[PDB]
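This report refers to the structure that appears directly beneath it.
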Amino acid sequence: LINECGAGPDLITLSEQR
Amino acid sequence: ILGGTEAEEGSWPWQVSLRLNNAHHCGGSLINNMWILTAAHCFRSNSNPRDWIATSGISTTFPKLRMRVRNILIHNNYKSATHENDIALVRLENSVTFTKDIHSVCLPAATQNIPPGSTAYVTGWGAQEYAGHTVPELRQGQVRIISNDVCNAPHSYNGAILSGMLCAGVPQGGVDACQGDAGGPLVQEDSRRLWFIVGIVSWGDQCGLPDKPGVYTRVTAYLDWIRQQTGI
C-alpha cells in the first residue's frame with residue numbers, strides 16, 4: 001500500500017478496482 | 001505460535017523477522033518505511049546494529065527482502081527484572097519500498113477500546129510447543145484478550161501484570177505465542193478493515209498453559225515515546 005497503514009490484502013485490492 | 005496455522009503470503013504485511021548472527025531471534029512490525037517496533041529483551045545480549053538483519057516474507061529460510069539495521073533504541077526505563085517497558089524501536093539502514101505484501105500496521109489510538117474476550121491475532125516464527133525449535137514458515141494464531149485483573153489471579157500471574165502490559169489466550173489453552181515470537185505483534189481489525197497493533201509479544205509462564213496466558217506490551221501505553229522517537 002502506501003505511507004498510510006493497517007491495510008490487509010482485501011482492502012488494497014478493493015482500492016485498486018475501478 | 002502454539003495452536004495456530006501457517007500464514008499465507010500478504011496476510012501480515014508488517015511482520016518481520018529479526019536475525020541475530022544469521023539466525024531468527026525475534027519478530028517485529030513495520031510502523032513506517034524506516035521503523036520496526038519490537039521488544040527490548042530481544043537485544044539483552046547483543047545490541048550491535050551491524051549484527052542484526054530484518055527480513056520480510058512468510059519464510060525465514062527464503063525471505064522476500066533482507067534489510068540492514070542502523071539504530072536500536074531501547075525504552076529508557078526498560079526493567080528486565082519485572083518485564084516492565086519491554087519495548088524497542090529499530091531503524092533501518094535504507095527505506096523499505098511499500099507494496100501490497102510489505103507495509104505498515106497502524107498504531108492504536110490513545111482511547112482505543114480493547115474489551116476482554118475480543119478477538120486478536122498473534123503472528124511469528126516461534127516454537128510450536130514449549131521447549132521446541134523455531135520454524136522457517138510464519139504462523140498465526142487466534143486468541144482473546146483476557147482482563148489484566150483476571151490475568152493477575154493468584155493461580156495465574158498473581159500481581160505481576162502491570163498497566164503497560166496486556167494478556168491474551170484461550171480458556172482451554174493450547175493457543176499462544178512462544179519463545180522466538182517475542183517482539184511480534186498482537187493485532188485487531190477495526191470495522192473499517194484497518195489493522196492496529198494492540199500488543200507486543202513479551203513473556204509468560206511456559207507457553208499455552210490455560211492458567212498462564214501470553215503477556216504482551218500494551219502499545220497504547222507507549223504512544224508518546226514512539227512518536228517522540230519516530231515522529232509517528
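Starting from 1 in every chain, residues are counted up; chains themselves are A, B, ... following the order of the C-alpha cells, and ligands are numbered from 1 as listed.
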For region 156-160 of chain B: contacts at 12 Å, only C-alpha atoms, fewer than 3 positions along chain excluded, given as a VMD selection string = chain B and resid 81 to 84 146 to 153 163 to 167 203 to 205 209 to 215
Report the residues of region 39-121 of chain B whose backbone DSSP state falls under helix (DSSP H, G or I), written as a ChimeraX atom specification.
-> /B:40-43,49-51,80-82
Running DSSP on the backbone, which parts of region 56-107 of chain B land in strand (DSSP E or B), as number ranges by chain?
-> B: 56, 59, 65-74, 79, 84, 88-92, 106
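Here CA of residue 139 (chain B) stands at a distance of 21.6 Å from CA of residue 190 (chain B).
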Interface list for chain B, partner chain A, 12 Å threshold, only C-alpha atoms, as a ChimeraX atom specification | /B:8-15,29-34,95-108,187-197,232
Atoms to include: N, CA and C atoms. Write the selected residues as a compact mmCIF listing (two decimals), in the first residue's frame.
```txt
# COMPACT_ATOMS: atom_id res chain seq x y z
N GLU B 8 -0.51 -17.24 5.14
CA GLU B 8 -0.33 -17.02 3.71
C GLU B 8 0.39 -15.70 3.45
N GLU B 9 1.18 -15.71 2.37
CA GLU B 9 1.83 -14.52 1.80
C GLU B 9 0.85 -13.34 1.72
N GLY B 10 1.26 -12.18 2.25
CA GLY B 10 0.47 -10.97 2.16
C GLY B 10 -0.57 -10.80 3.28
N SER B 11 -0.89 -11.85 4.06
CA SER B 11 -1.82 -11.72 5.18
C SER B 11 -1.36 -10.68 6.22
N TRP B 12 -0.05 -10.67 6.49
CA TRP B 12 0.51 -9.88 7.57
C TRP B 12 1.67 -9.05 7.03
N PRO B 13 1.41 -7.98 6.28
CA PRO B 13 2.49 -7.30 5.55
C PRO B 13 3.49 -6.52 6.39
N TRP B 14 3.20 -6.32 7.69
CA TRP B 14 4.07 -5.55 8.57
C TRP B 14 5.04 -6.46 9.34
N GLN B 15 4.76 -7.77 9.37
CA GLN B 15 5.55 -8.72 10.12
C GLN B 15 6.97 -8.85 9.56
N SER B 29 7.30 -5.48 13.80
CA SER B 29 6.28 -4.88 12.95
C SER B 29 6.76 -3.56 12.36
N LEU B 30 6.64 -3.42 11.02
CA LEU B 30 6.85 -2.14 10.37
C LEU B 30 5.78 -1.17 10.84
N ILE B 31 6.20 0.00 11.31
CA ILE B 31 5.20 1.01 11.63
C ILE B 31 5.34 2.23 10.71
N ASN B 32 6.42 2.30 9.93
CA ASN B 32 6.53 3.14 8.75
C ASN B 32 7.68 2.58 7.92
N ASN B 33 8.10 3.34 6.89
CA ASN B 33 9.03 2.82 5.90
C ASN B 33 10.47 2.80 6.41
N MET B 34 10.69 3.27 7.65
CA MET B 34 12.04 3.29 8.23
C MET B 34 12.15 2.49 9.54
N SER B 95 15.24 2.97 3.44
CA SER B 95 13.78 2.91 3.47
C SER B 95 13.33 1.64 2.75
N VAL B 96 12.18 1.11 3.17
CA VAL B 96 11.58 -0.07 2.57
C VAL B 96 10.59 0.43 1.53
N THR B 97 10.55 -0.22 0.36
CA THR B 97 9.53 0.11 -0.63
C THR B 97 8.27 -0.65 -0.28
N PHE B 98 7.20 0.10 -0.01
CA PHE B 98 5.93 -0.45 0.42
C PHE B 98 5.13 -0.96 -0.77
N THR B 99 4.56 -2.15 -0.60
CA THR B 99 3.80 -2.84 -1.63
C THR B 99 2.60 -3.46 -0.92
N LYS B 100 1.73 -4.12 -1.68
CA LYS B 100 0.61 -4.83 -1.09
C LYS B 100 1.10 -5.82 -0.01
N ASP B 101 2.24 -6.49 -0.27
CA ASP B 101 2.79 -7.54 0.58
C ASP B 101 3.67 -7.03 1.74
N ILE B 102 4.22 -5.81 1.64
CA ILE B 102 5.10 -5.25 2.65
C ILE B 102 4.70 -3.80 2.91
N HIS B 103 4.12 -3.56 4.09
CA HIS B 103 3.80 -2.21 4.52
C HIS B 103 3.49 -2.20 6.01
N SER B 104 3.12 -1.02 6.53
CA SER B 104 2.99 -0.75 7.94
C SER B 104 1.63 -1.14 8.52
N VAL B 105 1.65 -1.53 9.80
CA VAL B 105 0.46 -1.66 10.63
C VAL B 105 0.16 -0.29 11.25
N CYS B 106 -1.10 -0.07 11.67
CA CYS B 106 -1.49 1.14 12.38
C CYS B 106 -1.17 1.02 13.88
N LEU B 107 -0.75 2.13 14.48
CA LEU B 107 -0.68 2.23 15.92
C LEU B 107 -2.09 2.44 16.42
N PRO B 108 -2.44 1.98 17.63
CA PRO B 108 -3.79 2.20 18.16
C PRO B 108 -3.93 3.65 18.63
N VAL B 187 -2.62 -8.06 16.96
CA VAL B 187 -3.30 -7.11 16.09
C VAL B 187 -4.81 -7.37 16.15
N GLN B 188 -5.60 -6.30 16.02
CA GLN B 188 -7.05 -6.38 15.82
C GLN B 188 -7.44 -5.52 14.63
N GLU B 189 -8.42 -6.01 13.84
CA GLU B 189 -9.01 -5.29 12.71
C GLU B 189 -10.18 -4.43 13.21
N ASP B 190 -10.29 -3.17 12.79
CA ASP B 190 -11.49 -2.40 13.13
C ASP B 190 -12.54 -2.61 12.04
N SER B 191 -13.73 -2.02 12.24
CA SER B 191 -14.86 -2.24 11.36
C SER B 191 -14.67 -1.54 10.01
N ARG B 192 -13.63 -0.70 9.86
CA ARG B 192 -13.26 -0.22 8.53
C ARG B 192 -12.22 -1.14 7.89
N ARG B 193 -11.89 -2.28 8.51
CA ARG B 193 -10.94 -3.23 7.92
C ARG B 193 -9.48 -2.75 8.03
N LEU B 194 -9.22 -1.77 8.92
CA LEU B 194 -7.85 -1.40 9.26
C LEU B 194 -7.38 -2.23 10.45
N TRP B 195 -6.09 -2.60 10.44
CA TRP B 195 -5.48 -3.40 11.49
C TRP B 195 -4.59 -2.53 12.37
N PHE B 196 -4.69 -2.74 13.70
CA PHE B 196 -3.94 -1.97 14.69
C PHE B 196 -3.14 -2.93 15.57
N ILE B 197 -1.92 -2.53 15.96
CA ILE B 197 -1.11 -3.32 16.88
C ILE B 197 -1.47 -2.93 18.31
N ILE B 232 6.02 9.28 14.46
CA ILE B 232 4.81 8.56 14.06
C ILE B 232 3.72 8.63 15.16
```
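Picture a line from CA of residue 178 (chain B) to CA of residue 93 (chain B); it runs 28.9 Å.
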Fewer than 2 positions away in the same chain doesn't count, so skip those; otherwise give me all residues within 7 Å of residue 219 (chain B), counting only C-alpha atoms, as an MDAnalysis selection string.
-> chainID B and resid 197:199 217 221:223
Keeping only N, CA, C and O atoms, take the residues you just selected and write them out as a short mmCIF file (atom, residue, chain, number, x, y, z; two decimals), in the first residue's frame.
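out_39.cif was written with the following content:
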```
data_model
loop_
_atom_site.label_atom_id
_atom_site.label_comp_id
_atom_site.auth_asym_id
_atom_site.auth_seq_id
_atom_site.Cartn_x
_atom_site.Cartn_y
_atom_site.Cartn_z
N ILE B 197 -1.92 -2.53 15.96
CA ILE B 197 -1.11 -3.32 16.88
C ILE B 197 -1.47 -2.93 18.31
O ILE B 197 -1.23 -1.78 18.70
N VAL B 198 -2.05 -3.90 19.05
CA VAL B 198 -2.50 -3.67 20.42
C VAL B 198 -1.46 -4.17 21.41
O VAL B 198 -1.37 -3.60 22.50
N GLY B 199 -0.67 -5.19 21.01
CA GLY B 199 0.30 -5.79 21.88
C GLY B 199 1.58 -6.19 21.15
O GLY B 199 1.58 -6.37 19.93
N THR B 217 3.38 -6.34 25.73
CA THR B 217 3.48 -4.91 25.98
C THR B 217 2.25 -4.24 25.37
O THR B 217 1.95 -4.46 24.20
N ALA B 221 0.18 2.36 25.79
CA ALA B 221 0.87 2.97 26.91
C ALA B 221 2.19 3.60 26.50
O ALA B 221 2.85 4.19 27.33
N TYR B 222 2.58 3.46 25.22
CA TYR B 222 3.90 3.89 24.79
C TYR B 222 3.81 4.81 23.57
O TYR B 222 4.82 5.05 22.93
N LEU B 223 2.61 5.29 23.24
CA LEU B 223 2.38 6.08 22.02
C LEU B 223 3.26 7.34 21.97
O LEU B 223 3.82 7.67 20.92
#
```
